[PDB]
Amino acid sequence: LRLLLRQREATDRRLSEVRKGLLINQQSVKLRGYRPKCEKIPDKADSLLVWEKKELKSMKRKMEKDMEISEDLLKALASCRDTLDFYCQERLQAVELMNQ
Amino acid sequence: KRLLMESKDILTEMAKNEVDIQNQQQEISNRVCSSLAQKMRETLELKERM
Amino acid sequence: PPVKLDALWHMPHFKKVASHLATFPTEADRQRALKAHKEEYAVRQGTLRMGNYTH
Amino acid sequence: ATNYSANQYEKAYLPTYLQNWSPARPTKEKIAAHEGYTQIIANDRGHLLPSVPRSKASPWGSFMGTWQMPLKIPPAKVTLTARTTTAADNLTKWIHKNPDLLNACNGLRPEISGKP
Amino acid sequence: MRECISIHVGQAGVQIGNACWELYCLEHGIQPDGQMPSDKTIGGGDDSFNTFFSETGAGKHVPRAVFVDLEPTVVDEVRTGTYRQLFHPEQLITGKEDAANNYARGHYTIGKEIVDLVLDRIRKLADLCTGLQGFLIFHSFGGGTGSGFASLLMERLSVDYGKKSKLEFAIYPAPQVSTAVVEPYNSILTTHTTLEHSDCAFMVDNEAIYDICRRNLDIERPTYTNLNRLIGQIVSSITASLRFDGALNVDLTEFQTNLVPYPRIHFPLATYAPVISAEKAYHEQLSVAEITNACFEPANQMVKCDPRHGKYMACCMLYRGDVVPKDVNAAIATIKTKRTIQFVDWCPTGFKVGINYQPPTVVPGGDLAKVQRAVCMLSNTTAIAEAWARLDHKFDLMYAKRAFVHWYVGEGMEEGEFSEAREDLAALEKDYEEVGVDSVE
Amino acid sequence: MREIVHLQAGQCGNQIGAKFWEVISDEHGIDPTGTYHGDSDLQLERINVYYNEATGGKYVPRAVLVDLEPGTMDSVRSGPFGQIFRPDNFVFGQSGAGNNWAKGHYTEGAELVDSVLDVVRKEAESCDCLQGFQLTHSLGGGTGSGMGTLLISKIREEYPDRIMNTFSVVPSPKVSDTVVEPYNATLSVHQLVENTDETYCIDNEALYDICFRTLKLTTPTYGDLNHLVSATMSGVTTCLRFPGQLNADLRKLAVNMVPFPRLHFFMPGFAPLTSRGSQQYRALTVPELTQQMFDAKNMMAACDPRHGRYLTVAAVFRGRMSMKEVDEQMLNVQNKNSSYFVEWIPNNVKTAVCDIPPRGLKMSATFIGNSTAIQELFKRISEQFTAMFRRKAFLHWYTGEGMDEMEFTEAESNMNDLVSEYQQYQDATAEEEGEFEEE
Amino acid sequence: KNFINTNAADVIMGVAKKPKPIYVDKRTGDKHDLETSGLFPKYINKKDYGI
Ligand SMILES: Nc1nc2c(ncn2[C@@H]2O[C@H](COP(=O)(O)OP(=O)(O)OP(=O)(O)O)[C@@H](O)[C@H]2O)c(=O)[nH]1
Ligand SMILES: Nc1nc2c(ncn2[C@@H]2O[C@H](COP(=O)(O)OP(=O)(O)O)[C@@H](O)[C@H]2O)c(=O)[nH]1
Ligand SMILES: [Mg+2]
């Protein structure tokens, strides 16, 4: 369980980088609109900028699903860990005068 | 036992998917920014003959 | 480390009641908006998936 | 009984400017003229004649006290702007559930605005 | 001409009224008799007090308030205290027996006896008032009187006065601390009734004010008086624009209108700044940027819910004192340029700003230091929805076994109303969800 | 305004109500004549709650002292505050019950009941808005356990909606003074569970233990027992008599304290109990008050609540304090001992604060708790009743009065079903609904 | 007896207690019955009125 929380924060830090990348790409297209009308003619590099957006949206998904499977396992780890200690006190309770 | 068996397989994939998705993203930007330079060379080249 | 993340219990009788406020123009917009809503549920904060982004 | 209009002076007699801060009685704006004189429609001591028609409403006014009003009074402000199709129906059914409140003098006369 | 009539209900209503009215008298210069300090001519003015007080024959001032309660002792205290000769005898209305933490008793059995008398008294006060701006109504969601009789008074007030604003200062249940066991039932049943008869609300729970007082005012053991003073300061800053002049004044209807986006979302959350002791005040500059930054701290809201768990939809902002529009705009721009504060999409400009000149007065024996500038804040956000979810949690896990409901049924209320009220709160929560959603197509 | 009529039955009732009236007389400033000689204004503002006006500026208590034997009434009248009571309210028969519940209920209490109903109707019609009746008696006797139940049964019919408290003295099983004690106890608890609003179960053995170990008296007499009980009875309605920051009273306590009508038996307690050196070394504060209130050696019933789930808890505090400390302490004690409160009621604790401290003190507090551990007394009564009623022992005394045999059977059945529903609410789970939400 | 079922069952199946009309008449609590004071119409509607 302890390992999972840091694996949880490791992926979430990358999710900001995916989100930051989506701002970088959209920022660039706004600057690509600043060019004068002679240069405004669309080119191949505009398709590449559109190509970057679709990937980051799709890469957002795999990291989104990365944590959703991380959460459901992480809760099941707690409950088993919870009941395991609960059951430990049951047998430990009749050894209270013993050394244990 | 079951959750321990489930956990170790899950944890590796989170680390494995982490690095690749980190690695893929940097590849997207390098190729994309190269083409913008590729558009720059032609516009600088045409400016010479002008 | 304590790992607490859950919703407070509600009875199943009072579930499935439709909302009294309908704001979006078309159901086509509504379904896409709620589908996008569901996906951030591991990155939203607080409870009911209504917070700001974690980190 | 009736509330006439002071014509050019009706601004002085409007209910809010007389500090009566509540629903108030309507004002008859136009007066029609009758030709000829008038028939007698009542006996001595003000008894209506057998031939003349009579109103069918209550002969003692219409007041609804606290122990007579309904237990769930709907609001006056009904603004069906963002409501769903059924939700506007359900509220409107609540409005029209009790006709005795609407006909009552003390009773509420709600306005309904917009549509789902 | 401006006129707010106070309809304080319950023990909380009466004590909050005591604090607020002492503050108003100290502000306007009234003495505890009800007189100006001298034998001043009625041909003079300073008639600002007309927004709260009313003149009599002898050159005396009578408040436009109706303290109502159903237990004698709380109002006997105000009958006997220092301000005894200030209040008209017929205004303070009491009852012989109280609902005793029972919305059902306070709504169908006991409240319905004193409905008519208090309605007649409010009608006389509204007769006195010339241009009536609104009704301010203070109560609690826990107590039987301040829940049930307040709901019934609201229901009949909507019939008697269709248009007028009915502002709602409410004491919301705290998430952890509680002075009652049955209070989820009251706090569930009153909101279903007042959902369709209400204009704006300012729910405050006492736990957050306890935290604020212990953290900022350096009092480790304060009392309900110290909370009532803060509440009175909030109401003072609300009505300041009516009372005294301002660079940009703002009525009640303005900040009612620009705070409720949809007919079932009328639940702002207050905030006041700064609230700091004299020893701390001797050490800090208090400027507009500082106070507006303190207003948005999630450790300063007097509702125990973090706005960082939701999104703001509207913000009424009320500056007071030695303040300048240029600095106000700079501070709001700095607030805008922050990712930690997130707004909804359909509210690009979500602010309503008002400015007043006169600094807030300081009551001797209070807590706060005297400060030249201050700010009140009224933010409507969807981070309140978690509180409704917690209230539904407690109500459901009590209602499963059908606990305490024999009291209500034996009083004479049907049990299906419990289910109906809980369903409507579920619907309201889903409404909050839908207005919280973003749309990107 | 809000009046209380005080029913007093039996020798137990008479002595403990005598101490009770002495305590309220000293609290409200009343001399042995009956006049008021207090200094503060709040001491005579709501004195009509318990007293009635008589000429000469006199106050007569609203008490009805009922007994089947005249020997107790002489001691009550010749006691210290003896002559304050109006002589007509003394109602007494000429022949005792002999610790016979049947004699007190059917044959001989049937003659005194008419006159005592006349007197309680006198005193109920005197007041304008009466809140209800508070009765004091013991379950191990002949008249309070006996004709007291007849009084309760009749006046519940006559005045339904009014509140009724019963400060019942239950039998301790470890120490006893009567052989036929279980018979009266089991034939009385049935009437209690059928016709009563609130019941406070006080136990003489518990009081003896408290006087032994807490107050450290060399000689604990009955006066200290009655003083403790009367302090509890004063702490219940002090918030009704005096103003506070957060007011409450008896109906508020009942509404927030009784979840279902069958479960209305509470363990009471008083917080500030200390000896000489204890008073020297101990600083009277709010956390110390809460700690000693929740200490189980402080309870005045015969049931440890570490053997039961605290259904609901009430604290009524006395003095001028800060409410933050009160609420923080009660949240602390709720969170710490988590398992000892039932889980299907959040915030099982109800609070009240009254400004006027009890006389001779700067702070105080009173506990009223409903927990399931109170069934420990009914189990013990049922076992000792099984051992007796098995062999039809001592049964001729009861059956000679004219009662049948099925009354014991139905009393035992109802008692057993009461403790059965108590254990059903004991082993109850919260996060579960069924059999009523099938619609 | 499944008391949790029965206690719920007694509550759900039942009727309210109808309260009798009472009105307060003074700035302090003063309860009075309403059906005999003459405020409620009573005799005018019933009986052979006018006959
Ligand atoms: N902030 C604040 N809250 C108060 C005050 N007085 C009471 N309350 C809250 O009100 C809630 C219960 O309602 P109360 O005002 O005490 O009593 P009530 O409104 O008269 O209702 P009843 O007691 O049933 O007659 C409690 O939970 C208190 O926390 C007060 O003076 N200030
Ligand atoms: N706590 C307490 N118990 C008392 C008091 N007086 C009597 N008792 C107990 O009550 C029991 C006897 O009650 P009893 O006189 O038979 O009641 P009666 O027959 O109705 O008068 C004995 O077991 C005593 O221990 C008292 O003043 N205080
Ligand atoms: Mg109250």
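Has segment F:22-44 got at least one residue that is within 16 Å of ligand 3 (Cβ to nearest atom), within 14 Å of chain E (Cβ to nearest Cβ) and more than 24 Å from F:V170 (Cβ to Cβ)? There is no residue in segment F:22-44 that is within 16 Å of ligand 3 (Cβ to nearest atom), within 14 Å of chain E (Cβ to nearest Cβ) and more than 24 Å from F:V170 (Cβ to Cβ). The residues on offer are A:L48, A:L15, A:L84, A:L31, and the sole one that is in a helix (DSSP H, G or I) and within 21 Å of C:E39 (Cα to Cα) is A:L15.
Answer with yes or no whether A:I41 is free of Cβ contacts under 8 Å to residues at least 12 places away in the same chain and more than 14 Å from the chain's Cα centre (by Cα). Full working, then the answer.
Numbers: free of Cβ contacts under 8 Å to residues at least 12 places away in the same chain: yes; more than 14 Å from the chain's Cα centre (by Cα): yes.
Against the criterion (free of Cβ contacts under 8 Å to residues at least 12 places away in the same chain and more than 14 Å from the chain's Cα centre (by Cα)), A:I41 qualifies.
The residues listed here are E:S198, E:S237, E:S158; of these, the one that is away from chain F (no Cβ under 14 Å) and in a loop (DSSP other than H, G, I, E, B) is E:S198.
Annotation note: Cβ proximity below 7 Å between a residue of segment C:10-31 that is more than 7 Å from chain E (Cβ to nearest Cβ) and a residue that is among the basic types (K, R) and surrounded by 10 or more Cβ atoms within 10 Å (Cβ to Cβ) (sequence gap 6+ or interchain) occurs for C:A22/D:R83. In segment D:49-85, the residue that is nearest to the other protein chains (Cβ to nearest Cβ) out of those that are of a type outside the set (G, A, S), surrounded by fewer than 12 Cβ atoms within 10 Å (Cβ to Cβ) and not in a loop (DSSP other than H, G, I, E, B) is D:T85.
When E:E207, E:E196, E:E220, E:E183 are checked against the criterion of being within 10 Å of ligand 1 (Cβ to nearest atom) and surrounded by fewer than 23 Cβ atoms within 10 Å (Cβ to Cβ), E:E207 stands alone in meeting it. Put simply, of E:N226, E:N186 the only residue that is in contact with a helix residue (DSSP H, G or I) (Cβ under 9 Å, 6 or more places away or on another chain) and either more than 12 Å from every other protein chain (Cβ to nearest Cβ) or within 16 Å of ligand 3 (Cβ to nearest atom) (or both) is E:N186. Of the residues in segment E:55-64, none is more than 16 Å from ligand 2 (Cβ to nearest atom) and either closer than 30 Å to E:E414 by Cα or within 14 Å of chain G (Cβ to nearest Cβ) (or both).
A single member of F:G13, F:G34 is touching a residue at least 60 places away in the same chain (Cβ under 8 Å), among the small types (G, A, S) and in the same structural domain as F:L135 (by CATH), and it is F:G13.
Any residue at all in segment G:20-27 that's out of contact with any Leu (no Cβ under 9 Å at 6 or more places or on another chain) and outside any strand (DSSP E or B)?
No, segment G:20-27 contains no residue that is out of contact with any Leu (no Cβ under 9 Å at 6 or more places or on another chain) and outside any strand (DSSP E or B).
Given the structure, is E:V275 assigned to a loop (DSSP other than H, G, I, E, B), away from chain F (no Cβ under 14 Å) and within 16 Å of ligand 1 (Cβ to nearest atom)? For E:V275, the condition - assigned to a loop (DSSP other than H, G, I, E, B), away from chain F (no Cβ under 14 Å) and within 16 Å of ligand 1 (Cβ to nearest atom) - is met. When each of F:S126, F:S78, F:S145 is tested for being surrounded by 15 or more Cβ atoms within 10 Å (Cβ to Cβ) and among the polar types (S, T, N, Q), the lone residue that passes is F:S145. Checked against (1) more than 14 Å from chain G (Cβ to nearest Cβ); (2) without any contact (Cβ under 8 Å) to a residue 24 or more places away in the chain, D:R45 passes all but a single condition, namely (1). I'd like to know if segment F:249-265 contains one or more residues that are outside any loop (DSSP other than H, G, I, E, B) and away from every other protein chain (no Cβ under 14 Å). Looking for residues that are outside any loop (DSSP other than H, G, I, E, B) and away from every other protein chain (no Cβ under 14 Å), one finds at least one in segment F:249-265, hence yes.
Looking only at segment E:353-401, which residues are away from every other protein chain (no Cβ under 13 Å), of a type in the set (D, E, K, R) and surrounded by 18 or more Cβ atoms within 10 Å (Cβ to Cβ)? Outline the logic, then answer.
Applying the first criterion (away from every other protein chain (no Cβ under 13 Å)) to segment E:353-401 yields E:353-380.
Subsequent filtering for residues that are of a type in the set (D, E, K, R) retains E:367, E:370, E:373.
Hits for segment E:353-401 are E:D367, E:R373.
Listed residues A:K57, A:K20, A:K37; which is of a type in the set (K, R) and assigned to a loop (DSSP other than H, G, I, E, B)? Of A:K57, A:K20, A:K37, the one residue that is of a type in the set (K, R) and assigned to a loop (DSSP other than H, G, I, E, B) is A:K37.
Please work out which residue is nearest to the chain's Cα centre (by Cα), limiting yourself to segment F:266-278 and to residues that are within 22 Å of F:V229 (Cβ to Cβ) and either away from ligand 2 (no atom under 16 Å from the Cβ) or part of a loop (DSSP other than H, G, I, E, B) (or both).
Step one: filter segment F:266-278 for residues within 22 Å of F:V229 (Cβ to Cβ), giving F:266-275, F:278.
Now narrow it down to the ones that are either away from ligand 2 (no atom under 16 Å from the Cβ) or part of a loop (DSSP other than H, G, I, E, B) (or both): F:266, F:271-275, F:278.
Values: F:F266: 8, F:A271: 17, F:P272: 19, F:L273: 19, F:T274: 23, F:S275: 25, F:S278: 28 Å.
Selected residue: F:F266.
Of all residues in segment E:79-108, those satisfying the criterion of being part of a helix (DSSP H, G or I), more than 15 Å from ligand 3 (Cβ to nearest atom) and in contact (Cβ under 8 Å) with a residue 12 or more places away in the chain are E:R79, E:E90, E:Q91, E:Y108.
Just wondering, is there one or more residues in segment F:120-143 that are among the hydrophobic types (A, V, I, L, M, F, W, C), in contact with a helix residue (DSSP H, G or I) (Cβ under 7 Å, 6 or more places away or on another chain) and either within 16 Å of ligand 3 (Cβ to nearest atom) or more than 25 Å from F:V258 (Cβ to Cβ) (or both)? No, segment F:120-143 contains no residue that is among the hydrophobic types (A, V, I, L, M, F, W, C), in contact with a helix residue (DSSP H, G or I) (Cβ under 7 Å, 6 or more places away or on another chain) and either within 16 Å of ligand 3 (Cβ to nearest atom) or more than 25 Å from F:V258 (Cβ to Cβ) (or both).
Within segment F:148-160, identify whether any single residue is more than 16 Å from ligand 3 (Cβ to nearest atom) and within 14 Å of chain E (Cβ to nearest Cβ), and answer yes or no. Let's see the steps before the verdict.
Residues of segment F:148-160 that are more than 16 Å from ligand 3 (Cβ to nearest atom), as a first pass: F:148-160.
Those still in the list that are within 14 Å of chain E (Cβ to nearest Cβ) too: F:160.
The answer is yes, given that some residue of segment F:148-160 is more than 16 Å from ligand 3 (Cβ to nearest atom) and within 14 Å of chain E (Cβ to nearest Cβ).
Once segment F:166-198 is narrowed to residues that are assigned to a loop (DSSP other than H, G, I, E, B) and hydrophobic (A, V, I, L, M, F, W, C), the residue that is nearest to F:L418 (Cα to Cα) is F:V170. Among the residues of segment E:125-155, the one identified as facing another protein chain (nearest Cβ under 7 Å) and small (G, A, S) is E:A126. Among the conditions (1) farther than 27 Å from F:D209 by Cα; (2) more than 17 Å from the chain's Cα centre (by Cα), the only one that F:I152 does not satisfy is (2).
Conditions (1) closer than 30 Å to F:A428 by Cβ; (2) under 15 Å from the mean Cα position of the chain (by Cα); (3) not polar (S, T, N, Q), marked per residue:
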{"site": "G:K1", "(1), (2), (3)": "yes, no, yes"}
{"site": "G:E35", "(1), (2), (3)": "no, yes, yes"}
{"site": "G:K42", "(1), (2), (3)": "no, no, yes"}
{"site": "G:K47", "(1), (2), (3)": "no, no, yes"}
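Can you name every residue in segment F:305-323 that is part of a strand (DSSP E or B) and among the charged types (D, E, K, R)?
Looking only at segment F:305-323, we keep the residues that are part of a strand (DSSP E or B), and these are F:310-319.
Hit for segment F:305-323 is F:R318, nothing else.
On the given criteria, is F:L187 aliphatic (A, V, I, L, M), within 13 Å of ligand 2 (Cβ to nearest atom) and touching a helix residue (DSSP H, G or I) at 6+ places or on another chain (Cβ under 9 Å)? Even if it seems obvious, please write down each step before you answer.
On the way: aliphatic (A, V, I, L, M): yes; within 13 Å of ligand 2 (Cβ to nearest atom): no; touching a helix residue (DSSP H, G or I) at 6+ places or on another chain (Cβ under 9 Å): yes.
Taking the combined requirement at face value, the residue does not satisfy it.
Farther than 20 Å from F:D67 by Cβ and either away from ligand 3 (no atom under 16 Å from the Cβ) or over 14 Å from the mean Cα position of the chain (by Cα) (or both), is that true of F:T178? Break it down stepwise before answering.
Details: farther than 20 Å from F:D67 by Cβ: no; either away from ligand 3 (no atom under 16 Å from the Cβ) or over 14 Å from the mean Cα position of the chain (by Cα) (or both): yes.
So F:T178 does not fit the description; no.
Remark: pairs (first residue in segment F:423-439, within 9 Å of chain G (Cβ to nearest Cβ); second residue outside any loop (DSSP other than H, G, I, E, B) and surrounded by fewer than 16 Cβ atoms within 10 Å (Cβ to Cβ); Cβ separation under 6 Å; 6+ apart in sequence or on different chains) = F:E435/G:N5.
What is reported rests on the model, the rules as stated and the sources as named; none is laboratory data. Note that each Cβ is placed from the backbone with ideal geometry, even for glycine, and that neighbours are counted across all protein chains shown.
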